[PDB]
Amino acid sequence: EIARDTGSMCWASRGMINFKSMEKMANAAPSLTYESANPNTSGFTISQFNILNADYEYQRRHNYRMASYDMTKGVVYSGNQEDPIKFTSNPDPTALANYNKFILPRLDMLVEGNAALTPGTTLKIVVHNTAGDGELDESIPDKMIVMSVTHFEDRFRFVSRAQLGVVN
Amino acid sequence: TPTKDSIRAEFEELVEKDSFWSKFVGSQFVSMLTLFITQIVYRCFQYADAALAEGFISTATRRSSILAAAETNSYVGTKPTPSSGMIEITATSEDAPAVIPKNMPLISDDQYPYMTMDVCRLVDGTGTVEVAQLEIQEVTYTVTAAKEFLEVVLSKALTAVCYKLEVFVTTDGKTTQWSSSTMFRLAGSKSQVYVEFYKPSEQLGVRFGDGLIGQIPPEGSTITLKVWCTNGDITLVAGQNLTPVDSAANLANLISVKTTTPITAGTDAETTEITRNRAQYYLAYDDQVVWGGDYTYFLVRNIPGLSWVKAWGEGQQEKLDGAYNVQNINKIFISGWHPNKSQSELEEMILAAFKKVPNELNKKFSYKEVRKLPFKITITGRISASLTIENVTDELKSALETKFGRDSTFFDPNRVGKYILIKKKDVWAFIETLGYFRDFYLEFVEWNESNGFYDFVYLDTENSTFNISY
Amino acid sequence: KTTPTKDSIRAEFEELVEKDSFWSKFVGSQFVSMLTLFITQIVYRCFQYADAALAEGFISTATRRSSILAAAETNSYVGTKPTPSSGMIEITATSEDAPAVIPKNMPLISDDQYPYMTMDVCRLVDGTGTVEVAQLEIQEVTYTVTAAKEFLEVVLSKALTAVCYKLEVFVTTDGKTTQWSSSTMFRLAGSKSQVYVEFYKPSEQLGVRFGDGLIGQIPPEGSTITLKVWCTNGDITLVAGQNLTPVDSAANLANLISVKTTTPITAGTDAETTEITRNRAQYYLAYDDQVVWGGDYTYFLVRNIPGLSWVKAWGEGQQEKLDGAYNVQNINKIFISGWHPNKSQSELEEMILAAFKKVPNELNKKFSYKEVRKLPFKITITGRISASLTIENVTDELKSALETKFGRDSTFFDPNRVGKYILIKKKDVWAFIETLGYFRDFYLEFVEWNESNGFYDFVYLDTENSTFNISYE
Amino acid sequence: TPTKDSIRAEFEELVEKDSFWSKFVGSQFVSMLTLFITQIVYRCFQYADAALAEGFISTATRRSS
Amino acid sequence: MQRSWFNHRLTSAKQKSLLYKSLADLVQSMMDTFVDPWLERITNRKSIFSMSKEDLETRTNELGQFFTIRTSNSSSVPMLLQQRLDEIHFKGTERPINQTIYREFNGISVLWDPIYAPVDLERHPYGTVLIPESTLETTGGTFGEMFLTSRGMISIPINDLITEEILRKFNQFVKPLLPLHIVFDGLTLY
Amino acid sequence: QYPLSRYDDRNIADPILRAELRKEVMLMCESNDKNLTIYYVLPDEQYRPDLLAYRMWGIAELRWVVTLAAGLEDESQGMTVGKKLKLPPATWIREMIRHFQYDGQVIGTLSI
Amino acid sequence: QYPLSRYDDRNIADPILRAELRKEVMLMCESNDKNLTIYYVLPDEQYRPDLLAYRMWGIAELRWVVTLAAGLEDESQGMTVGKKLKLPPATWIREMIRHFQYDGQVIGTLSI
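Procedures and definitions
Residues numbered from 1 in each chain as written, not as in the entry; some residues may be left out. Chains lettered and ligands numbered in written order. Part of a larger assembly, values for the part shown. Heavy atoms only, no water. Contact = heavy atoms within 4.5 Å. Buried area = accessible area lost by both parts, 1.4 Å probe. Salt bridge = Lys/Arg side-chain N within 4 Å of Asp/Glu carboxyl O. Polar contact = N/O pair within 3.5 Å; in protein donor to acceptor, adjacent residues only side chain to side chain. Nonpolar A, V, L, I, M, F, W, Y, C, P; charged D, E, K, R; others polar. Pairing = 2+ DSSP bridges. Helix = DSSP H or I, 4+ residues; strand = E, 2+ residues; numbered from the N terminus. Axes fitted to C-alpha atoms, helices over the stretch in contact; angles between N-to-C directions. 1 Å grid on protein atoms, 1.4 Å probe; cavity = no way out; pocket = protein on both sides within 12 Å on 5 of 7 lines; lining within 4 Å. Points joined across faces, edges and corners; volume = space filled by probe spheres on them. Buried < 20%, exposed > 50% of the residue type's maximum accessible area, 1.4 Å probe, protein only.

Its PDB record attributes the structure to cryo-EM, giving the resolution as 3.2 Å.

A. Region of interest: the interface of chain F and chain A. Facing nine residues of chain F, the contacting portion of chain A comprises 10 residues. Together, the buried faces of chain F and chain A total about 770 Å²; carbon and sulfur atoms form 38% of this surface. Interface area lost by chain F to chain A is led by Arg6(F), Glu95(F) and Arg98(F), which between them contribute 57%. Applying the counting criterion to the chain F and chain A interface returns three salt bridges. Ionic pairing is found between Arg94(F) and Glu138(A), a salt bridge with its closest N-O pair at 2.4 Å. The interface formed by chain F and chain A contains two residue pairs in polar contact. Within the side of chain F that touches chain A, the residues separate by chemical class into three nonpolar, two polar and four charged.

B. Structural view of the sheet that holds strand β18 (residues 376–382) of chain B. Residue and element names in this part refer to chain B. One open sheet holds the three strands; their spatial order is β19-β18-β21, and the pairing between them is mixed. Looking at which strands have only one partner, the edges of the open sheet turn out to be β19 (439–445) and β21 (465–469). Between one strand and the next, the sheet's axes are offset by a mean angle of 10 degrees, whatever the strand orientation. Relative to β21, β18 is paired through five bridges, and the arrangement is parallel. Note that in β21 the partner of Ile379 across the bridge is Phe466. Across the sheet, helix α10 (residues 389–404) touches β18 and β21, and the angle it forms with β21 is around 145 degrees. This element, helix α11 (residues 424–434), spans β18 and β19 of the sheet and lies at about 150 degrees to β19.

C. Seen up close, the sheet that holds strand β16 (residues 364–367) of chain B. Residues and elements named next belong to chain B. Strand order in the open sheet made by the three strands is β14-β15-β16, with mixed pairing throughout. Pairing within the sheet leaves two strands with one partner each, and these edge strands are β14 (308–312) and β16. Direction aside, the axes of adjacent strands within the sheet are offset by 25 degrees on average. As paired elements, β14 and strand β15 (residues 331–337) share five bridges and run antiparallel to each other. The partner of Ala311 across the bridge, within β15, is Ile334.

D. Layout of empty space enclosed by the protein. Quantified by volume, the largest cavity comes out at close to 420 Å³. Its residues placed into classes, the lining of the largest cavity shows 14 nonpolar, eight polar and five charged. Forming the walls of the second largest cavity are 16 residues, and the residues nearest its centre are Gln48(C), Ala52(C), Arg22(F), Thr67(F) and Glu73(F). In terms of residues, the lining of the second largest cavity owes the most to one element, helix α2 (residues 30–57) of chain C, which gives six residues. In terms of residue class, the lining of the second largest cavity is made up of six nonpolar, two polar and eight charged.

E. Geometry of the pattern of salt bridges. Under the defined criterion, the tally for this structure stands at 54 salt bridges over all chains. Where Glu95(G) meets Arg94(G), a salt bridge forms, and the shortest distance between an N and an O atom there is 2.7 Å. A residue is classified by how much of its surface remains accessible, and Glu95(G), at 34% relative accessible area, is partly exposed. Classification of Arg94(G) by relative accessible area gives partly exposed; the value is 23%. A single salt-bridge network, built from bridges that share partners, covers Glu138(A), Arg94(F) and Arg98(F).

F. How the structure looks around unusual backbone geometry. Of note, the phi angle at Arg14(A) is positive, near 55 degrees, even though the residue is not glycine. As for its position among the elements, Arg14(A) is in the loop between β1 (8–13) and β2 (16–21). The phi dihedral of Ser27(D) falls on the positive side, at around 75 degrees, and the residue is not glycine. By relative accessible area, which is 40% here, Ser27(D) ends up partly exposed.

This is the structure:
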């Protein structure tokens, strides 16, 4: 609830608890570079990746105009003007304004076991096509944020999987 | 000045003259090619004309070209000013209130930031203080090597909200301000100066100097840019609540509400035409104020909201009122009008602003109060009877009041400091340009000729009488 | 559409062509496609030319050095030129009949294709000499005045402009050849004055222009204009002692003398980068003093005259306030006072007057100088210094520190060389003495203290005459 | 109490005194090496001064010392 | 363009066909006649000495919104523009006045003469006696000490030089260059 | 609607704002980076920058880069045969075009 | 960014707090556990602890352990040829650096 009222992102890992604002995350410079279909790259390499185009599936739940009752002001509104209304309880304008902020997932990828990938990391992604004329894919944005990380080790190989997203 | 017909005629003549095309093919192969080529040539000519017209600053039609020409003649436009007001209520709710805080940040019901300019009083029952929208944000840049100019550019959003700019350079634990300068006019080889500039894309930057005419920021030092951000034109009426933020420990302790003066003194940035005119005048202005119009230009730039000002020297005054006077030597007279300020307040502002005027020495400044002359008209006209008479009268009254009123912009069509008086022909042209009248006549009454120095001739719509028929 | 592609133009042709008996048959064919492509090439050329010219028009958005140079009004320093490299050589003499005196400007080919024009003159005392060489070579171009017109221009070729260090113009009429001096922008120029102005073409070509009859002298109808250029390559170096330079173009001396370098022949420079050129093109008035900008007399005096400890500028009203009388002759007057550490007042008057005279003066104003008046002050100190220290050392260090801080030659009056007068006050002495850690307690007293106007009164400390009373705790 | 200027001047004097560096290589190869060496030496001197200052109890600047 | 650029870009097989070459020449001629001069005008406005006369008129019209100039008075228009733009930096000195007088009057040389006034004000009022600099040393008036007043006199040698026309041209053209606190009081001739 | 190839400089509609991208490309072409290519103008490429653009990169819409680097405003002005040119790769150009089309900020801007 | 190897003692930023880790390592290097290796200083390793570190463990950043165990303060003084050294495995020192880098507490600290 504190995270929702402040507009930040929470995750507890490696002995710390983290609150990071969403507006300042959109202006953060990348730290790593991930490329596909490039064998002369100076960074790392992606072996498998998934493109998700379902942006409505996550925006459907946040398409509402918030309203609430305050004993000294009356009815307090916040948000757009052409969306359906929905009632909450806290009549705090700052809390109402941040009620509809989140991160929209876009891409899932599988790499060769990097242990430096933690949520909150910003990466630069470059994807080339492997047929036709080597055209760059413009449907994947340049900078992405890491949302979830899974590391997996069997008796022969070490692999990592990540989910990447963009701030609305 | 070619047109499609001329292009087609020239093409037909050229085809006729040629030996092969006139003889070996005819009347089917040529006809479509004529139309195609004429169309292509006309399109290309129109594009060339548009580019040539956009080439110069006076005939430019897009803002980017105007901004580039303004950057060539280094010019930075006027920046927005914050709205100001008073919060006379800071009554405490519990014990241990903030006895005397200063620059306490506040937020007001729309997530807009405000802060208090002076310390509050001991708030025995309540305390009075004034507030402004100003907020402060900083950005820092380290230096890896001496690039001999080292320009630093802010972001688009930060340049959108900007009021002042302050530069600090930190070297081996010591930090100092660096002053600004106009170009590099009198500094060299040790002076700590910088020059501001505006990119064709709306970004504001700071340029440090060369080794000979400036001090390059030494390697291994941090440059800090401090920006005062303000939204342009926001008004909050009265009785609204302001809650502290950051310093939020006092929110439970205190109560702050809006009362007395609302915040209404905001101002936005320049428009395109004002920038176009001021960039051209900046060439003649330089920074020296020797000529007559330079004082008006400086006053208009520094003080916001003025309609018109005029300045005259000793010769004009001696030709006007007194044959000769020793006291008139090296004296400058100023007169003006401000819609929302009294003449005494204007006088208070003028000499206070003139303390920083360049090229000031052996000079004495005076102010002369303005005299207003009503002026009046009478019209007799015939309408086409499709429109009602009352609607025509009301629309004409509103249009005349907006165009030729005291608060109108006719006296300074552009913000460049100038006094443009009202002539009879302007009324005749304007009333016709609207076009309600099939035929009309004007008679001017109580019209007085203006000196042009301290006379004022506006138009009074209420006293004027309109005669409409048909 | 503003951006014409091949497909759009072919579509336009197909749209126009229909409803025609002959042409509608060939709508889908290779011939129409080839014709449309061949036509679209011209449209592309015209659109791109217009856009590129519009972009390159302004100095701010120009993308090349040549366009910035062409648009720049001045060039004196807007566009830099290569500078030659220099070094020292030694001239041995082999056999007899070698010249007694080596000629000046003796061309010397290096190990590589590098010419070396020895400057100065050389004398072989016993067959050994030493001179300087300057890496550059002198070529010449000539031109004839076939017709006399306004703004006559003579343009060099690209290769010569790539390596141009100096330019000298000689115009000969009848049997007399005379050099013509250059001018910035025909400043103070008129008829009977022979001047020329340089310019830079959009292509890399330098030029010379003589303009008009009123403000310049057109070269006569029957004269020949000759340009002489000194050619050099900047960043070329030769090692010391490993190189032999045979004589060329005066090959009579090749067998007689042997020449070998002694010091490395280096330190040449090259042309500037485009960004530096544009920045210098916007602000060149900065480099050379022309006028007193913004009416800042003290700053100008500080810049032109180095070492001025302090200087102040008056006004008629301020003098009126000082003397308390309305006027004696104080109209259209500018008063100035100052002090230099190591020169007399009259010499300072002469320097200030000359420096102001060099720059053009304002209208109907005359300068006057006021000589400074010296009012030194002294202090007396009584205090204890603890038994650990020595009285004599404490007194000596106190005297030296006080003289450095407050003194006639001190920097207290303008710690920064921005022109400001700062006056000594009583609190400063207490604070400065307190910052030093010698004294457990002291009680300062001021003797001969005066209240000084900031205009022409000088107050400073005289350490030697001051008395110090220091006793052990 | 060295500064960057003193370091640069001493390096220039040392280079000029040398027989090989002064004669065989000139004015392009040397200039950037001078800046690099002076910067490194100044950094090392500053670190050594900080350690020496932190050495004693009276002049210590960190709690652990 | 050049005299056979567009024609030369055809393939070698089509260049020997008559109709294609003729069509290419016709298209190039049309484009040269109707389009090229405006592009050349765009590209030739970098330097003031290379512009056409219409662009010079445009720049002079831009300059005329703040000063009063007539281009037929001087020998050349680019010289007028460049010199005025250069003398803008010398605001308030004698240089702009002297150079403008020399430039716009076919070579007349002048010297600015300031005016002096007496100090004894109760016996001589301020504006009854006024002396130029040339007659200051050779005079018998005011019987006392002098001081400088913000007024001026123009001195013209008759050799280079009719007075009324000179006064008219001066008042119309050069007087606006004077500072606001300086007063002009006619001509003097020697 | 007629789509413009992704390698065209006309992708930015304003001729004044395109000047920044052109300045960046020209500044890179004159540097001494380690992944540039050196190409001399051949005798048959004097008036045809498209042939050079096709021979170097394999893309014909990159003729504006060749015209820019050579130093001409007009395509009908012949290049000097044998002039040494340094030209960057194609992915770099595409990335710069995308950055200036969708963001449009100076390379060294400071943001918060 | 330029990180540090996990075998570097500089991972602890305070030169005084590194004393605990150095003391523990030196105390181990003088003991007689069963996991210790005996290594003599060869004639070519007199001035080069990096060569000894590479030859013993395969990691070159462990030269501070070799400098510490010999009893020297700088690397510029030469070690005595033929001095017997005992060196522990790399994992132990690596976790020891991590211990004081993170936990920092002294071995044997009593907690509740």
